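For reference, the structure discussed in these notes is given below.
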Amino acid sequence: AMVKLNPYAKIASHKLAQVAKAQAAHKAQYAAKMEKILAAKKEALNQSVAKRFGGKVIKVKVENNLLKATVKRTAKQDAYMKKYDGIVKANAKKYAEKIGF
Amino acid sequence: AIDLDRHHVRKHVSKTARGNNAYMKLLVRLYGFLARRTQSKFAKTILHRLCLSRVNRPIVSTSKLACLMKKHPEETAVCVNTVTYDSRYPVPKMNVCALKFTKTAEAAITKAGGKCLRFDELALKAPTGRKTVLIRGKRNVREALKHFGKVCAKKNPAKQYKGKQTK
Amino acid sequence: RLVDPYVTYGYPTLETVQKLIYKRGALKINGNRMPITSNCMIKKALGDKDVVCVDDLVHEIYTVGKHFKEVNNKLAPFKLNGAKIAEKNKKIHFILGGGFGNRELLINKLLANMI
RNA sequence: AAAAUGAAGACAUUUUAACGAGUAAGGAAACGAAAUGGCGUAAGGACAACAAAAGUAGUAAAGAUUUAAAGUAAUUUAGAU
RNA sequence: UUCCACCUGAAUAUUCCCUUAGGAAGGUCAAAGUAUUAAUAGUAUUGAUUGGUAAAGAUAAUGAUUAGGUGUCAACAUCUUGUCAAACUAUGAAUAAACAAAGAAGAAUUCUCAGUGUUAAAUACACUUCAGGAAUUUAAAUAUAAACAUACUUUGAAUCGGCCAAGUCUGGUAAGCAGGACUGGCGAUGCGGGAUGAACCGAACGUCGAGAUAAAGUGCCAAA
RNA sequence: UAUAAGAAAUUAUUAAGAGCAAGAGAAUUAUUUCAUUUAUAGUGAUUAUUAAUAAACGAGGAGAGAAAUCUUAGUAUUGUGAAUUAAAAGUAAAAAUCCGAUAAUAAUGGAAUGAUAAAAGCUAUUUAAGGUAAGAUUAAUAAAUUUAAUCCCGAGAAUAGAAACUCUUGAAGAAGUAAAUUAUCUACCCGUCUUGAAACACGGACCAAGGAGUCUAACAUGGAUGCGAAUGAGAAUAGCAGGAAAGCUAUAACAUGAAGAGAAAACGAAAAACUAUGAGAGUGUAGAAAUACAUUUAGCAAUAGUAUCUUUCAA
């Protein structure tokens with residue numbers, strides 16, 4: 001009955017089928033990337049848990065760059081992340097002042 | 001429930017032939033068929049006027065037909081009512097279709113060279129109606145209408161049904 | 001506003017208009033409340049108004065086009081189910097937590113359980 | 001209510017849509033697409049096995065008591081004594 | 001004051017009566033029968049109005065009333081102060097009332113144009129189907145609803161003992177008292193809830209099935 | 001009369017056999033709906049990676065736990081930290097919880113009323129309207145629902161494909177129905193006056209039969225009927241066949257009407273009408289199915305308004 005009333009149903013159904021299949025792949029492939037990022041974070045944490053290893057001796061400063069890169073991007077994209085981070089910081093500052101009256 | 005302005009009650013329009021006249025029943029059967037199939041407003045009119053009560057189908061005299069047919073030489077007057085005879089004035093040549101003709105009216109129409117048709121011949125000859133003139137008689141000429149209302153009224157007094165010691 | 005205690009109302013979304021017309025839609029044809037079953041019946045009723053399918057009917061209602069009055073007046077009033085009307089009761093305004101009054105865009109939640 | 005069909009089918013036709021509370025009160029009969037539809041009591045005129053012995057009845061009428069069936073209902077039908 | 005089903009379905013205003021336990025005119029209601037129909041509105045908006053209620057005022061008019069200064073103990077003037085009016089009022093809402101939003105028949109323009117009369121005379125003006133007649137253009141002029149719409153005509157039934165509620169009023173100390181304005185109800189009305197109840201709250205009813213609900217509830221009676 | 005349809009009976013086998021009704025299922029479905037799960041273009045918060053400053057806060061300062069390797073204990077150095085900041089990671093869609101937004105598409109099981117049939121079903125092959133953040137990959141760039149490329153899928157259409165089933169119970173009594181009893185829910189005395197009665201208001205002990213809007217006469221409205229400037233003349237009455245309270249026939253007095261106004265005397269109707277709106281009939285064009293416009297013609301009924309005429313002191 002839907003097709004009889006609205007023949008455009010088949011055209012719109014196909015787009016819904018395409019997006020459902022495509023969105024599932026994007027979430028599935030994003031999950032794989034996040035597993036690596038979580039794996040990288042776990043390695044940095046477990047290696048820096050050794051701050052327990054050792055009468056205090058200047059406490060224990062831990063290395064700044066134990067987290068390792070997983071995905072690789074060009075230098076132009078590297079500069080864009082620093083641009084994006086500046087904008088999202090400015091927007092949060094822009095919003096916080098507005099509700100702060 | 002539902003807030004309706006008024007409930008459904010029978011529509012006050014007749015849709016068949018009043019009484020038990022077998023011939024008048026068949027006429028309504030004939031024009032109810034013609035109006036439904038031909039979809040002509042003339043048949044819908046004749047069908048409607050065939051279903052009125054006797055009081056609502058007033059007579060037409062030959063004098064009135066002559067006046068209405070003056071500028072319509074080759075035409076067929078069509079009145080769904082009895083056609084009486086006006087003995088005061090002459091009857092010219094004309095063709096009339098009517099439910100019933102007075103003995104004197106039928107003689108006068110025929111003697112002038114005209115014709116007296118019934119409604120089946122009219123439907124056989126002019127079903128949708130092509131050379132016809134629809135005619136109906138006057139309704140307010142009834143004497144009963146005089147007494148309606150209040151006779152004490154300032155504007156249009158009634159006529160005071162006569163009775164005991166009426167002056 | 002005058003009839004506020006007896007009605008609740010708001011602003012529908014397109015999906016609200018779509019579902020109401022598709023499921024509960026009907027037309028007054030020859031004095032008969034004929035439910036919508038084909039585009040031919042819509043073309044017959046609203047062909048003179050350049051509305052020849054059910055999607056013209058939905059689009060015209062939502063955007064309020066030139067022929068809204070003629071299209072809307074042909075659409076018979078929708079008959080809906082029952083639903084949880086309010087929080088306290090329907091004897092107070094929705095602003096106070098009641099049932100009647102202007103619900104703005106929140107009328108779509110009510111219509112979701114009502115269609 | 002509106003469409004369609006309509007000399008006889010029949011269930012007072014077929015389809016679609018809306019409707020159905022109610023004291024006093026009203027809606028007489030007839031009217032094919034019927035301007036409400038019906039049940040019952042008694043009497044009068046007809047009809048009742050169509051091929052010249054033409055409704056039922058001593059092979060058990062009317063009535064009475066009950067058992068069942070049809071009808072929303074008024075009521076009707078049938079069995080047994 | 002005697003059978004069934006179905007459909008529609010009221011009243012307590014107004015006028016008169018030797019009238020007050022009752023009648024006629026009229027309103028409400030039913031049934032018959034019509035008319036293509038200058039014959040839709042218990043609504044809102046825009047525009048021009050009407051009114052004198054609530055409020056407000058009190059050396060603003062008529063009244064009522066407590067004090068304090070200044071001028072010529074009163075008194076009389078003059079300036080402030082405190083409190084009021086159903087039979088006081090300048091001002092004056094909200095709600096309402098009555099119009100218009102294109103029917104001599106859906107507009108307008110142009111040309112021609114007659115009979116009476118007003119007029120000093122009129123070509124002005126008034127009325128005459130915006131007398132009349134002919135061309136061109138034209139369906140436009142808030143929203144919403146309305147063809148089983150609208151306008152009715154005829155004949156007639158019952159009825160005019162009423163009662164209740166209130167973000168109302170008058171008399172009374174007050175009354176489940178007496179009488180009123182507006183609306184909704186009960187009467188005529190069952191159903192679900194308030195234990196029970198003519199009027200309260202939800203909601204009005206052909207015979208049924210399944211679901212979402214309303215008022216209102218969820219320790220047991222009692223479903224949660 | 002020509003062709004299927006091709007019945008009943010018959011031959012060999014067995015995966016070897018009725019009708020109807022009730023119940024339980026299977027496959028595909030229509031209307032409504034219940035329960036569970038699942039995604040909903042939040043740029044919201046947390047979800048160990050290191051370091052620094054802190055606005056505030058109380059304290060410190062120099063046998064327990066673990067198989068650790070390190071802490072705890074109690075008899076003017078240091079700890080925590082809201083918030084802010086650096087570097088690393090990060091194209092900024094995982095999952096879980098909270099806060100906002102929603103409730104929809106789907107799936108899995110049911111329920112009430114049905115249906116059984118094939119498609120504007122679904123599926124397969126061809127070309128290609130389209131995919132507006134989002135079908136994908138890329139590139140330029142980017143707080144983008146901003147642009148280009150070539151891959152993918154693909155609506156229409158043409159061409160081909162697929163549905164006939166199981167089990168249980170019933171003349172040893174199925175389904176339904178009825179009667180009696182039981183159980184849960186439910187139920188105040190009928191008629192009447194009345195604003196209001198189950199009423200501490202009146203009539204009613206019980207049963208049968210009888211029991212109350214009828215008849216005559218006058219008028220009016222209305223529905224069916226005949227005739228129609230006439231209708232009636234079943235006015236009395238007079239005749240006919242038949243023997244008849246019935247039937248039929250009577251150029252006829254009269255009743256109502258055709259003429260109205262005036263107390264009466266006296267009178268007694270046309271400008272062969274006018275205006276407005278209005279029923280109906282055509283022709284053309286177009287949508288295109290019905291139907292919707294243009295235009296010619298006629299103007300009955302009804303309502304209203306005009307002249308003109310009869311009568312009246314007065315219309």
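Chain labels A, B, ... are given in the sequence in which chains occur in the structure tokens; within each chain residues are numbered consecutively from 1, and ligands are likewise numbered from 1 in the order shown.
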Restrict the distance test to only C-alpha atoms (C1' of nucleotides), flag each residue of chain A within 8 Å of chain F, and return the flagged residues as a ChimeraX atom specification.
/A:3-4,10-11,15,18-19,22-23,26-28,30-32,34-35,41,44-45,52-54,62-69,84,87-88,91
Do you know which residues are at most 10 Å from residue 81 of chain B counting only C-alpha atoms (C1' of nucleotides), after dropping those on the same chain fewer than 4 positions away, and could you put them as a PyMOL selection string?
chain B and resi 49-50+54+56-60+97-101+135-137
Please produce a file of those selected residues containing C-alpha atoms, as a tab-separated table (two decimals), in the first residue's frame.
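What landed in part_21.tsv:
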```
chain	number	residue	atom	x	y	z
B	49	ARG	CA	-42.61	17.71	-10.71
B	50	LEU	CA	-44.22	14.30	-11.19
B	54	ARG	CA	-51.94	17.28	-6.08
B	56	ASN	CA	-48.65	21.59	-5.68
B	57	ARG	CA	-49.46	20.76	-9.34
B	58	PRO	CA	-51.94	23.54	-10.16
B	59	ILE	CA	-53.84	23.68	-13.41
B	60	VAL	CA	-52.98	25.68	-16.53
B	97	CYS	CA	-48.02	17.75	-23.38
B	98	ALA	CA	-49.79	17.35	-20.05
B	99	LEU	CA	-50.83	14.71	-17.55
B	100	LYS	CA	-54.55	15.09	-18.22
B	101	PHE	CA	-56.74	17.15	-20.55
B	135	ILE	CA	-44.82	25.74	-17.81
B	136	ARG	CA	-46.44	25.51	-14.39
B	137	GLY	CA	-49.62	27.06	-13.07
```
Would you pick out the contacts of residue 21 of chain D at 12 Å or less, using only C-alpha atoms (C1' of nucleotides), so that residues sharing its chain but fewer than 5 positions from it are not included, and give the list as a list in words?
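My reading of the contact set: residues 1 of chain B; 9, 188, 189, 190, 191, 204, 205 and 206 of chain E.
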Give me the residues of chain C that have any atom at most 9 Å from an atom of chain E; for each, the nearest atom pair and the distance in Å, rounded to one decimal. Use only C-alpha atoms (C1' of nucleotides), sort by chain and number, and format it as CSV.
```
residue,atom,partner,partner_atom,distance
C:31,CA,E:148,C1',8.8
C:81,CA,E:212,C1',6.3
C:82,CA,E:213,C1',4.8
C:83,CA,E:213,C1',5.6
C:84,CA,E:213,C1',6.8
C:85,CA,E:213,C1',8.4
C:89,CA,E:215,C1',8.7
C:90,CA,E:214,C1',8.9
C:113,CA,E:212,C1',8.4
C:114,CA,E:212,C1',8.3
```
Non-local contacts of segment 31-38 of chain F (12 Å; only C-alpha atoms (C1' of nucleotides); under 4 positions in same chain excluded) as a list in words
residues 23 and 81 of chain C; 209, 210, 211 and 212 of chain E; 104, 105, 106, 107, 108, 109, 110, 111, 112, 113 and 114 of chain F
Those in segment 18-98 of chain B with strand (DSSP E or B) from DSSP, as a PyMOL selection string:
chain B and resi 60-61+76-84+95-98
Give the residues of chain F that lie within 9 Å of chain B; count only C-alpha atoms (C1' of nucleotides), and format the answer as a PDB file with N, CA and C atoms (P, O5', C5', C4', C3', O3' and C1' of nucleotides), in the first residue's frame.
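Just written: iface.pdb:
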```
ATOM      1  P     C F 219     -70.060  22.382   7.147  1.00  0.00           P
ATOM      2  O5'   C F 219     -68.746  23.065   7.725  1.00  0.00           O
ATOM      3  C5'   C F 219     -68.654  24.476   7.818  1.00  0.00           C
ATOM      4  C4'   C F 219     -67.447  24.918   8.604  1.00  0.00           C
ATOM      5  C3'   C F 219     -66.093  24.634   7.986  1.00  0.00           C
ATOM      6  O3'   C F 219     -65.745  25.539   6.959  1.00  0.00           O
ATOM      7  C1'   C F 219     -66.045  24.062  10.269  1.00  0.00           C
ATOM      8  P     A F 220     -64.826  25.047   5.739  1.00  0.00           P
ATOM      9  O5'   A F 220     -63.372  24.941   6.376  1.00  0.00           O
ATOM     10  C5'   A F 220     -62.680  26.101   6.805  1.00  0.00           C
ATOM     11  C4'   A F 220     -61.412  25.753   7.544  1.00  0.00           C
ATOM     12  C3'   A F 220     -60.400  24.918   6.780  1.00  0.00           C
ATOM     13  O3'   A F 220     -59.612  25.686   5.892  1.00  0.00           O
ATOM     14  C1'   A F 220     -60.676  24.028   8.942  1.00  0.00           C
ATOM     15  P     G F 223     -51.311  18.054   0.948  1.00  0.00           P
ATOM     16  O5'   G F 223     -51.417  16.486   0.710  1.00  0.00           O
ATOM     17  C5'   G F 223     -50.279  15.660   0.879  1.00  0.00           C
ATOM     18  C4'   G F 223     -50.649  14.222   1.138  1.00  0.00           C
ATOM     19  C3'   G F 223     -51.492  13.528   0.090  1.00  0.00           C
ATOM     20  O3'   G F 223     -50.797  13.195  -1.099  1.00  0.00           O
ATOM     21  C1'   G F 223     -52.365  13.025   2.197  1.00  0.00           C
ATOM     22  P     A F 224     -51.491  13.455  -2.530  1.00  0.00           P
ATOM     23  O5'   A F 224     -52.397  12.171  -2.753  1.00  0.00           O
ATOM     24  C5'   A F 224     -51.808  10.895  -2.926  1.00  0.00           C
ATOM     25  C4'   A F 224     -52.850   9.808  -2.977  1.00  0.00           C
ATOM     26  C3'   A F 224     -53.942   9.967  -4.018  1.00  0.00           C
ATOM     27  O3'   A F 224     -53.543   9.591  -5.320  1.00  0.00           O
ATOM     28  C1'   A F 224     -54.926   9.432  -1.966  1.00  0.00           C
ATOM     29  P     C F 227     -61.503  12.073 -14.528  1.00  0.00           P
ATOM     30  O5'   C F 227     -62.441  13.356 -14.501  1.00  0.00           O
ATOM     31  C5'   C F 227     -63.784  13.273 -14.949  1.00  0.00           C
ATOM     32  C4'   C F 227     -64.596  14.469 -14.523  1.00  0.00           C
ATOM     33  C3'   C F 227     -64.121  15.819 -15.020  1.00  0.00           C
ATOM     34  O3'   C F 227     -64.469  16.082 -16.364  1.00  0.00           O
ATOM     35  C1'   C F 227     -64.635  15.980 -12.738  1.00  0.00           C
ATOM     36  P     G F 228     -63.533  17.034 -17.245  1.00  0.00           P
ATOM     37  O5'   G F 228     -63.527  18.415 -16.458  1.00  0.00           O
ATOM     38  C5'   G F 228     -64.649  19.283 -16.496  1.00  0.00           C
ATOM     39  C4'   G F 228     -64.463  20.463 -15.577  1.00  0.00           C
ATOM     40  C3'   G F 228     -63.540  21.557 -16.080  1.00  0.00           C
ATOM     41  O3'   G F 228     -64.220  22.449 -16.948  1.00  0.00           O
ATOM     42  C1'   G F 228     -63.052  21.046 -13.806  1.00  0.00           C
ATOM     43  P     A F 229     -63.418  23.406 -17.952  1.00  0.00           P
ATOM     44  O5'   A F 229     -63.526  24.848 -17.283  1.00  0.00           O
ATOM     45  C5'   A F 229     -64.461  25.813 -17.761  1.00  0.00           C
ATOM     46  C4'   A F 229     -65.694  25.881 -16.892  1.00  0.00           C
ATOM     47  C3'   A F 229     -66.701  26.975 -17.243  1.00  0.00           C
ATOM     48  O3'   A F 229     -68.016  26.510 -16.942  1.00  0.00           O
ATOM     49  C1'   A F 229     -66.008  27.243 -15.022  1.00  0.00           C
ATOM     50  P     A F 279     -32.445  29.616 -13.082  1.00  0.00           P
ATOM     51  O5'   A F 279     -33.210  28.268 -13.431  1.00  0.00           O
ATOM     52  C5'   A F 279     -33.648  27.402 -12.397  1.00  0.00           C
ATOM     53  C4'   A F 279     -34.893  26.650 -12.789  1.00  0.00           C
ATOM     54  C3'   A F 279     -34.806  25.816 -14.053  1.00  0.00           C
ATOM     55  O3'   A F 279     -34.144  24.578 -13.863  1.00  0.00           O
ATOM     56  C1'   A F 279     -36.793  27.067 -14.092  1.00  0.00           C
ATOM     57  P     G F 280     -32.793  24.252 -14.668  1.00  0.00           P
ATOM     58  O5'   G F 280     -33.284  24.016 -16.161  1.00  0.00           O
ATOM     59  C5'   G F 280     -34.226  23.000 -16.462  1.00  0.00           C
ATOM     60  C4'   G F 280     -34.870  23.219 -17.808  1.00  0.00           C
ATOM     61  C3'   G F 280     -33.973  23.054 -19.022  1.00  0.00           C
ATOM     62  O3'   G F 280     -33.738  21.708 -19.389  1.00  0.00           O
ATOM     63  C1'   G F 280     -35.174  25.048 -19.241  1.00  0.00           C
ATOM     64  P     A F 281     -32.362  21.313 -20.116  1.00  0.00           P
ATOM     65  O5'   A F 281     -32.483  21.969 -21.560  1.00  0.00           O
ATOM     66  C5'   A F 281     -33.485  21.544 -22.468  1.00  0.00           C
ATOM     67  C4'   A F 281     -33.442  22.335 -23.749  1.00  0.00           C
ATOM     68  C3'   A F 281     -32.149  22.255 -24.539  1.00  0.00           C
ATOM     69  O3'   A F 281     -32.054  21.078 -25.322  1.00  0.00           O
ATOM     70  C1'   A F 281     -32.816  24.505 -24.366  1.00  0.00           C
ATOM     71  P     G F 282     -30.792  20.098 -25.168  1.00  0.00           P
ATOM     72  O5'   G F 282     -29.797  20.577 -26.306  1.00  0.00           O
ATOM     73  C5'   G F 282     -28.992  21.724 -26.116  1.00  0.00           C
ATOM     74  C4'   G F 282     -29.031  22.623 -27.321  1.00  0.00           C
ATOM     75  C3'   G F 282     -27.721  22.763 -28.077  1.00  0.00           C
ATOM     76  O3'   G F 282     -27.517  21.705 -28.997  1.00  0.00           O
ATOM     77  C1'   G F 282     -28.620  24.902 -27.664  1.00  0.00           C
ATOM     78  P     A F 298     -35.081  35.438 -26.448  1.00  0.00           P
ATOM     79  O5'   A F 298     -35.879  34.400 -25.549  1.00  0.00           O
ATOM     80  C5'   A F 298     -36.740  33.437 -26.133  1.00  0.00           C
ATOM     81  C4'   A F 298     -37.220  32.455 -25.101  1.00  0.00           C
ATOM     82  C3'   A F 298     -37.869  33.071 -23.873  1.00  0.00           C
ATOM     83  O3'   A F 298     -39.238  33.367 -24.080  1.00  0.00           O
ATOM     84  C1'   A F 298     -36.254  31.492 -23.196  1.00  0.00           C
ATOM     85  P     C F 300     -42.040  34.461 -17.120  1.00  0.00           P
ATOM     86  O5'   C F 300     -43.140  33.418 -16.634  1.00  0.00           O
ATOM     87  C5'   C F 300     -43.851  32.629 -17.574  1.00  0.00           C
ATOM     88  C4'   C F 300     -44.138  31.243 -17.053  1.00  0.00           C
ATOM     89  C3'   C F 300     -44.458  31.133 -15.576  1.00  0.00           C
ATOM     90  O3'   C F 300     -45.791  31.495 -15.262  1.00  0.00           O
ATOM     91  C1'   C F 300     -42.910  29.455 -16.161  1.00  0.00           C
ATOM     92  P     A F 301     -46.101  32.372 -13.954  1.00  0.00           P
ATOM     93  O5'   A F 301     -45.624  31.458 -12.743  1.00  0.00           O
ATOM     94  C5'   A F 301     -46.406  30.354 -12.323  1.00  0.00           C
ATOM     95  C4'   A F 301     -45.741  29.586 -11.211  1.00  0.00           C
ATOM     96  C3'   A F 301     -45.578  30.314  -9.894  1.00  0.00           C
ATOM     97  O3'   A F 301     -46.765  30.329  -9.125  1.00  0.00           O
ATOM     98  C1'   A F 301     -43.573  29.201 -10.434  1.00  0.00           C
ATOM     99  P     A F 302     -47.152  31.628  -8.273  1.00  0.00           P
ATOM    100  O5'   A F 302     -45.871  31.890  -7.373  1.00  0.00           O
ATOM    101  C5'   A F 302     -45.578  31.072  -6.251  1.00  0.00           C
ATOM    102  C4'   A F 302     -44.341  31.564  -5.551  1.00  0.00           C
ATOM    103  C3'   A F 302     -44.365  33.026  -5.153  1.00  0.00           C
ATOM    104  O3'   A F 302     -45.034  33.245  -3.927  1.00  0.00           O
ATOM    105  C1'   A F 302     -42.350  32.563  -6.278  1.00  0.00           C
TER     106        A F 302
END
```
If we count only C-alpha atoms (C1' of nucleotides), what is near residue 162 of chain F at a cut-off of 12 Å, once residues fewer than 3 positions away on the same chain are taken out, given as a PDB file with N, CA, C and O atoms (P, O5', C5', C4', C3', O3' and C1' of nucleotides), in the first residue's frame?
```pdb
ATOM      1  P     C F 122       6.835  -5.432  -3.520  1.00  0.00           P
ATOM      2  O5'   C F 122       7.781  -6.678  -3.816  1.00  0.00           O
ATOM      3  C5'   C F 122       9.127  -6.695  -3.366  1.00  0.00           C
ATOM      4  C4'   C F 122       9.577  -8.096  -3.034  1.00  0.00           C
ATOM      5  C3'   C F 122      10.815  -8.584  -3.767  1.00  0.00           C
ATOM      6  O3'   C F 122      12.021  -8.135  -3.171  1.00  0.00           O
ATOM      7  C1'   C F 122       9.136 -10.245  -3.860  1.00  0.00           C
ATOM      8  P     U F 123      13.276  -7.734  -4.088  1.00  0.00           P
ATOM      9  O5'   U F 123      13.670  -9.092  -4.826  1.00  0.00           O
ATOM     10  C5'   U F 123      14.227 -10.183  -4.108  1.00  0.00           C
ATOM     11  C4'   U F 123      14.559 -11.336  -5.023  1.00  0.00           C
ATOM     12  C3'   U F 123      15.394 -10.995  -6.247  1.00  0.00           C
ATOM     13  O3'   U F 123      16.778 -10.928  -5.952  1.00  0.00           O
ATOM     14  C1'   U F 123      13.575 -12.379  -6.875  1.00  0.00           C
ATOM     15  P     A F 124      17.762 -10.045  -6.861  1.00  0.00           P
ATOM     16  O5'   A F 124      17.888 -10.872  -8.216  1.00  0.00           O
ATOM     17  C5'   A F 124      18.518 -12.144  -8.242  1.00  0.00           C
ATOM     18  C4'   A F 124      18.512 -12.727  -9.632  1.00  0.00           C
ATOM     19  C3'   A F 124      18.982 -11.793 -10.736  1.00  0.00           C
ATOM     20  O3'   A F 124      20.395 -11.747 -10.840  1.00  0.00           O
ATOM     21  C1'   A F 124      16.970 -12.847 -11.394  1.00  0.00           C
TER      22        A F 124
END
```
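Distance-wise, atom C1' of residue 313 of chain F and atom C1' of residue 268 of chain F end up 19.0 Å apart.
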For segment 9-14 of chain D: contacts at 12 Å, only C-alpha atoms (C1' of nucleotides), fewer than 3 positions along chain excluded, given as a list in words
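Contacts, in chain order: residues 3, 4, 5, 6, 32, 33, 34 and 37 of chain D.
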What lies within 12 Å of segment 53-59 of chain C using only C-alpha atoms (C1' of nucleotides), ignoring chain neighbours under 4 positions off, as a PyMOL selection string?
(chain A and resi 2-9) or (chain C and resi 13-23+25-27+36-47+49+63-75)
Pick out each residue of segment 64-152 of chain B that DSSP on the backbone tags as alpha helix (DSSP H); I need them as JSON, numbers by chain.
{"B": [64, 65, 66, 67, 68, 103, 104, 105, 106, 107, 108, 109, 110, 111, 119, 120, 121, 122, 123, 124, 125]}
Given the selection you just returned, output its residues as a file containing C-alpha atoms, formatted as an mmCIF file, in the first residue's frame.
```cif
data_model
loop_
_atom_site.group_PDB
_atom_site.id
_atom_site.type_symbol
_atom_site.label_atom_id
_atom_site.label_comp_id
_atom_site.auth_asym_id
_atom_site.auth_seq_id
_atom_site.Cartn_x
_atom_site.Cartn_y
_atom_site.Cartn_z
ATOM 1 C CA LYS B 64 -52.430 30.858 -20.361
ATOM 2 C CA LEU B 65 -50.857 28.413 -22.806
ATOM 3 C CA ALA B 66 -51.778 30.660 -25.736
ATOM 4 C CA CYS B 67 -50.105 33.688 -24.157
ATOM 5 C CA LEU B 68 -46.914 31.779 -23.322
ATOM 6 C CA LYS B 103 -62.852 17.038 -22.243
ATOM 7 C CA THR B 104 -63.512 20.607 -23.362
ATOM 8 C CA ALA B 105 -59.817 21.519 -23.391
ATOM 9 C CA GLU B 106 -58.905 18.500 -25.519
ATOM 10 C CA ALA B 107 -61.693 19.318 -27.973
ATOM 11 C CA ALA B 108 -60.649 22.974 -28.204
ATOM 12 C CA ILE B 109 -56.962 22.191 -28.745
ATOM 13 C CA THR B 110 -57.697 19.541 -31.374
ATOM 14 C CA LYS B 111 -60.292 21.642 -33.210
ATOM 15 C CA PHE B 119 -45.632 12.347 -21.320
ATOM 16 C CA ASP B 120 -44.595 9.026 -22.863
ATOM 17 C CA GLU B 121 -44.965 10.432 -26.382
ATOM 18 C CA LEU B 122 -42.961 13.488 -25.337
ATOM 19 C CA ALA B 123 -40.187 11.281 -23.956
ATOM 20 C CA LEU B 124 -40.296 9.182 -27.127
ATOM 21 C CA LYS B 125 -40.084 12.276 -29.344
#
```
Atom-to-atom span, atom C1' of residue 169 of chain E and atom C1' of residue 183 of chain E, Å
15.7 Å
Nearest to chain C, chosen from B:77, B:145, B:43, B:2, with only C-alpha atoms counted in the distances:
B:2
Distance in Å - atom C1' of residue 62 of chain E versus atom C1' of residue 50 of chain E:
27.6 Å
